[PDB]
Amino acid sequence: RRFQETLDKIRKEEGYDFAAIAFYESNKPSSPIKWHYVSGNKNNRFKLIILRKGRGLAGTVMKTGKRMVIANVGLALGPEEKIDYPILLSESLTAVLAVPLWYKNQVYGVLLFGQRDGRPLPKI
Ligand SMILES: [Cl-]
């Protein structure tokens with residue numbers, strides 16, 4: 001599809017190990033947010049991630065409408081506090097960049113880029 005092919009292209013061209021897109025699961029008022037599309041994923045455990053608004057990497061970006069950058073997960077977060085950003089755990093991400101996706105001044109999704117094994121973030 002359009003989203004999948006765009007996702008694989010940007011991830012490869014930007015020199016990232018992983019990429020994902022989160023959206024609200026449904027139209028329902030108390031709908032959770034979930035990682036819907038992935039590129040460079042090691043497993044399908046990202047599908048176990050259920051985020052309420054304001055929770056996880058996707059929920060935080062969705063709520064604020066502001067990018068989130070973690071240049072070094074090991075320095076920025078305690079190993080125990082990683083459960084608050086579950087994609088970091090299922091995908092063993094060591095650095096992340098998460099940006100809001102906008103449509104007509106409204107955030108509809110979260111685009112995430114991640115590095116593994118201590119590979120630094122390329123220029124943002
Ligand atoms: Cl997450």
# chains A, B, ... in the order shown; residues from 1 in each chain; ligands from 1
>>> closest_atom_pairs(of="chain A", to="ligand 1", cutoff="12 Å", atoms="only C-alpha atoms and all ligand atoms", output="tab-separated table")
residue	atom	partner	partner_atom_place_in_ligand_line	distance
A:20	CA	ligand 1	1 (Cl)	10.1
A:21	CA	ligand 1	1 (Cl)	10.6
A:22	CA	ligand 1	1 (Cl)	9.0
A:23	CA	ligand 1	1 (Cl)	11.8
A:32	CA	ligand 1	1 (Cl)	12.0
A:33	CA	ligand 1	1 (Cl)	9.5
A:34	CA	ligand 1	1 (Cl)	8.4
A:35	CA	ligand 1	1 (Cl)	7.8
A:36	CA	ligand 1	1 (Cl)	11.6
A:45	CA	ligand 1	1 (Cl)	11.4
A:46	CA	ligand 1	1 (Cl)	8.3
A:47	CA	ligand 1	1 (Cl)	10.7
A:48	CA	ligand 1	1 (Cl)	10.4
A:49	CA	ligand 1	1 (Cl)	7.0
A:50	CA	ligand 1	1 (Cl)	8.4
A:51	CA	ligand 1	1 (Cl)	7.2
A:52	CA	ligand 1	1 (Cl)	10.4
A:53	CA	ligand 1	1 (Cl)	11.3
A:54	CA	ligand 1	1 (Cl)	10.6
A:55	CA	ligand 1	1 (Cl)	7.7
A:56	CA	ligand 1	1 (Cl)	4.2
A:57	CA	ligand 1	1 (Cl)	4.4
A:58	CA	ligand 1	1 (Cl)	5.7
A:59	CA	ligand 1	1 (Cl)	7.7
A:60	CA	ligand 1	1 (Cl)	9.1
A:61	CA	ligand 1	1 (Cl)	10.4
A:62	CA	ligand 1	1 (Cl)	11.6
A:68	CA	ligand 1	1 (Cl)	11.7
A:82	CA	ligand 1	1 (Cl)	9.3
A:83	CA	ligand 1	1 (Cl)	8.5
A:84	CA	ligand 1	1 (Cl)	7.2
A:85	CA	ligand 1	1 (Cl)	4.2
A:86	CA	ligand 1	1 (Cl)	4.4
A:87	CA	ligand 1	1 (Cl)	4.2
A:88	CA	ligand 1	1 (Cl)	6.7
A:89	CA	ligand 1	1 (Cl)	8.6
A:90	CA	ligand 1	1 (Cl)	9.1
A:91	CA	ligand 1	1 (Cl)	10.0
A:92	CA	ligand 1	1 (Cl)	11.8
A:93	CA	ligand 1	1 (Cl)	10.9
A:96	CA	ligand 1	1 (Cl)	10.8
A:97	CA	ligand 1	1 (Cl)	11.9
A:98	CA	ligand 1	1 (Cl)	10.1
A:110	CA	ligand 1	1 (Cl)	10.3
A:111	CA	ligand 1	1 (Cl)	11.3
A:112	CA	ligand 1	1 (Cl)	9.5
A:113	CA	ligand 1	1 (Cl)	11.8
A:114	CA	ligand 1	1 (Cl)	11.5
>>> select_by_dssp(residues="stretch 5-65 of chain A", states="helix (DSSP H, G or I)", output="NGL selection string")
:A and (5-13 or 45-48 or 56-64)
>>> write_last_selection(atoms="C-alpha atoms", output="short mmCIF file (atom, residue, chain, number, x, y, z; two decimals), in the first residue's frame")
data_model
loop_
_atom_site.label_atom_id
_atom_site.label_comp_id
_atom_site.auth_asym_id
_atom_site.auth_seq_id
_atom_site.Cartn_x
_atom_site.Cartn_y
_atom_site.Cartn_z
CA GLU A 5 5.86 1.82 0.47
CA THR A 6 6.33 5.44 1.67
CA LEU A 7 7.44 4.10 5.11
CA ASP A 8 10.04 1.62 3.67
CA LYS A 9 11.38 4.32 1.29
CA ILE A 10 11.88 7.09 3.94
CA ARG A 11 13.42 4.61 6.45
CA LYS A 12 15.97 3.28 3.88
CA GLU A 13 16.75 6.76 2.47
CA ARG A 45 5.26 -7.86 19.26
CA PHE A 46 4.55 -4.19 18.42
CA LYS A 47 0.91 -5.47 17.87
CA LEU A 48 0.69 -6.15 21.69
CA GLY A 56 3.95 5.70 25.22
CA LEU A 57 5.95 7.42 22.44
CA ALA A 58 2.91 7.65 20.07
CA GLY A 59 0.46 8.94 22.74
CA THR A 60 2.87 11.68 23.91
CA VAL A 61 3.51 13.04 20.37
CA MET A 62 -0.26 12.74 19.52
CA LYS A 63 -1.22 14.74 22.67
CA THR A 64 1.41 17.56 22.38
#
>>> select_by_dssp(residues="chain A", states="strand (DSSP E or B)", output="PyMOL selection string")
chain A and resi 18-24+33-39+51+68-70+95-103+106-115
>>> write_last_selection(atoms="N, CA and C atoms", output="mmCIF file, in the first residue's frame")
data_model
loop_
_atom_site.group_PDB
_atom_site.id
_atom_site.type_symbol
_atom_site.label_atom_id
_atom_site.label_comp_id
_atom_site.auth_asym_id
_atom_site.auth_seq_id
_atom_site.Cartn_x
_atom_site.Cartn_y
_atom_site.Cartn_z
ATOM 1 N N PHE A 18 14.820 1.138 11.930
ATOM 2 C CA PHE A 18 13.397 0.875 12.117
ATOM 3 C C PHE A 18 12.561 2.130 11.887
ATOM 4 N N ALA A 19 11.309 1.937 11.459
ATOM 5 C CA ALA A 19 10.301 2.979 11.282
ATOM 6 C C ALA A 19 8.939 2.412 11.572
ATOM 7 N N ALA A 20 8.030 3.257 12.080
ATOM 8 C CA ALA A 20 6.664 2.828 12.365
ATOM 9 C C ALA A 20 5.734 4.005 12.324
ATOM 10 N N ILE A 21 4.418 3.714 12.139
ATOM 11 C CA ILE A 21 3.376 4.722 12.142
ATOM 12 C C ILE A 21 2.285 4.256 13.072
ATOM 13 N N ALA A 22 1.885 5.127 14.020
ATOM 14 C CA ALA A 22 0.772 4.873 14.930
ATOM 15 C C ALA A 22 -0.417 5.755 14.552
ATOM 16 N N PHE A 23 -1.644 5.235 14.747
ATOM 17 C CA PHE A 23 -2.928 5.946 14.557
ATOM 18 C C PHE A 23 -3.874 5.414 15.612
ATOM 19 N N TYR A 24 -5.014 6.100 15.819
ATOM 20 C CA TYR A 24 -6.060 5.595 16.704
ATOM 21 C C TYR A 24 -6.625 4.312 16.082
ATOM 22 N N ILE A 33 -4.470 4.074 20.857
ATOM 23 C CA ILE A 33 -3.556 4.325 19.754
ATOM 24 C C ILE A 33 -2.716 3.050 19.625
ATOM 25 N N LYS A 34 -2.415 2.645 18.387
ATOM 26 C CA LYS A 34 -1.613 1.443 18.138
ATOM 27 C C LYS A 34 -0.642 1.694 17.003
ATOM 28 N N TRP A 35 0.492 0.947 16.998
ATOM 29 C CA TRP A 35 1.497 0.985 15.926
ATOM 30 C C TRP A 35 0.879 0.119 14.841
ATOM 31 N N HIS A 36 0.513 0.747 13.723
ATOM 32 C CA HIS A 36 -0.175 0.075 12.625
ATOM 33 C C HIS A 36 0.742 -0.412 11.522
ATOM 34 N N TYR A 37 1.723 0.402 11.117
ATOM 35 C CA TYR A 37 2.659 0.058 10.061
ATOM 36 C C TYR A 37 4.053 0.057 10.623
ATOM 37 N N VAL A 38 4.876 -0.893 10.167
ATOM 38 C CA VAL A 38 6.266 -1.001 10.598
ATOM 39 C C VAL A 38 7.185 -1.298 9.400
ATOM 40 N N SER A 39 8.463 -0.965 9.538
ATOM 41 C CA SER A 39 9.473 -1.220 8.515
ATOM 42 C C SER A 39 10.754 -1.533 9.259
ATOM 43 N N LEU A 51 -1.832 1.764 23.498
ATOM 44 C CA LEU A 51 -1.515 3.020 24.151
ATOM 45 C C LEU A 51 -2.748 3.883 24.269
ATOM 46 N N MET A 68 9.492 14.203 19.446
ATOM 47 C CA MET A 68 10.160 13.663 20.614
ATOM 48 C C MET A 68 11.450 13.049 20.122
ATOM 49 N N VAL A 69 12.588 13.408 20.747
ATOM 50 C CA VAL A 69 13.884 12.880 20.326
ATOM 51 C C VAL A 69 14.612 12.290 21.528
ATOM 52 N N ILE A 70 15.076 11.027 21.397
ATOM 53 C CA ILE A 70 15.915 10.384 22.400
ATOM 54 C C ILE A 70 17.193 9.914 21.669
ATOM 55 N N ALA A 95 18.127 4.585 20.062
ATOM 56 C CA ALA A 95 17.886 6.003 19.731
ATOM 57 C C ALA A 95 16.583 6.104 18.987
ATOM 58 N N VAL A 96 15.805 7.204 19.191
ATOM 59 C CA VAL A 96 14.532 7.386 18.497
ATOM 60 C C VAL A 96 14.269 8.834 18.132
ATOM 61 N N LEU A 97 13.537 9.024 17.041
ATOM 62 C CA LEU A 97 12.970 10.292 16.568
ATOM 63 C C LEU A 97 11.452 10.011 16.297
ATOM 64 N N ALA A 98 10.506 10.725 16.949
ATOM 65 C CA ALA A 98 9.056 10.539 16.690
ATOM 66 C C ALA A 98 8.468 11.897 16.355
ATOM 67 N N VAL A 99 7.811 11.999 15.194
ATOM 68 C CA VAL A 99 7.229 13.253 14.722
ATOM 69 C C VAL A 99 5.725 13.111 14.502
ATOM 70 N N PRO A 100 4.954 14.205 14.732
ATOM 71 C CA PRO A 100 3.520 14.137 14.460
ATOM 72 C C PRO A 100 3.228 14.199 12.958
ATOM 73 N N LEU A 101 2.160 13.549 12.532
ATOM 74 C CA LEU A 101 1.701 13.599 11.134
ATOM 75 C C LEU A 101 0.479 14.451 11.153
ATOM 76 N N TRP A 102 0.462 15.476 10.317
ATOM 77 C CA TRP A 102 -0.582 16.490 10.279
ATOM 78 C C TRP A 102 -1.484 16.406 9.058
ATOM 79 N N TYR A 103 -2.795 16.642 9.271
ATOM 80 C CA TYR A 103 -3.754 16.829 8.199
ATOM 81 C C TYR A 103 -4.704 17.950 8.574
ATOM 82 N N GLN A 106 -4.415 19.202 12.192
ATOM 83 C CA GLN A 106 -4.803 18.199 13.161
ATOM 84 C C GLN A 106 -3.803 17.050 13.082
ATOM 85 N N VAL A 107 -3.318 16.570 14.239
ATOM 86 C CA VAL A 107 -2.386 15.436 14.299
ATOM 87 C C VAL A 107 -3.207 14.152 14.081
ATOM 88 N N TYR A 108 -2.900 13.377 13.047
ATOM 89 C CA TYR A 108 -3.674 12.134 12.795
ATOM 90 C C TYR A 108 -2.820 10.877 13.089
ATOM 91 N N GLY A 109 -1.522 11.058 13.184
ATOM 92 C CA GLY A 109 -0.604 9.946 13.397
ATOM 93 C C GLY A 109 0.725 10.345 13.972
ATOM 94 N N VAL A 110 1.537 9.324 14.268
ATOM 95 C CA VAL A 110 2.883 9.534 14.781
ATOM 96 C C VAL A 110 3.806 8.712 13.907
ATOM 97 N N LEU A 111 4.833 9.341 13.350
ATOM 98 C CA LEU A 111 5.850 8.679 12.546
ATOM 99 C C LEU A 111 7.121 8.519 13.419
ATOM 100 N N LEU A 112 7.580 7.283 13.565
ATOM 101 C CA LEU A 112 8.725 7.013 14.410
ATOM 102 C C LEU A 112 9.849 6.412 13.601
ATOM 103 N N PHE A 113 11.063 6.854 13.882
ATOM 104 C CA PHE A 113 12.306 6.310 13.299
ATOM 105 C C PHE A 113 13.154 5.853 14.458
ATOM 106 N N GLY A 114 13.758 4.674 14.341
ATOM 107 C CA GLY A 114 14.584 4.150 15.417
ATOM 108 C C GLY A 114 15.872 3.500 14.976
ATOM 109 N N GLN A 115 16.885 3.568 15.846
ATOM 110 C CA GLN A 115 18.179 2.922 15.623
ATOM 111 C C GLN A 115 18.373 1.841 16.672
#
>>> closest_residue(among="A:4, A:104, A:43, A:117", to="residue A:73", atoms="only C-alpha atoms")
A:117
>>> atom_distance(atom1="atom CA of residue A:40", atom2="atom CA of residue A:78")
25.1 Å
>>> closest_residue(among="A:1, A:67, A:80, A:25", to="residue A:124", atoms="only C-alpha atoms")
A:67
>>> atom_distance(atom1="atom CA of residue A:105", atom2="atom CA of residue A:71")
27.6 Å
>>> closest_residue(among="A:123, A:42, A:2, A:116", to="residue A:14", atoms="only C-alpha atoms")
A:123
>>> closest_residue(among="A:77, A:72, A:44, A:26", to="residue A:121", atoms="only C-alpha atoms")
A:72
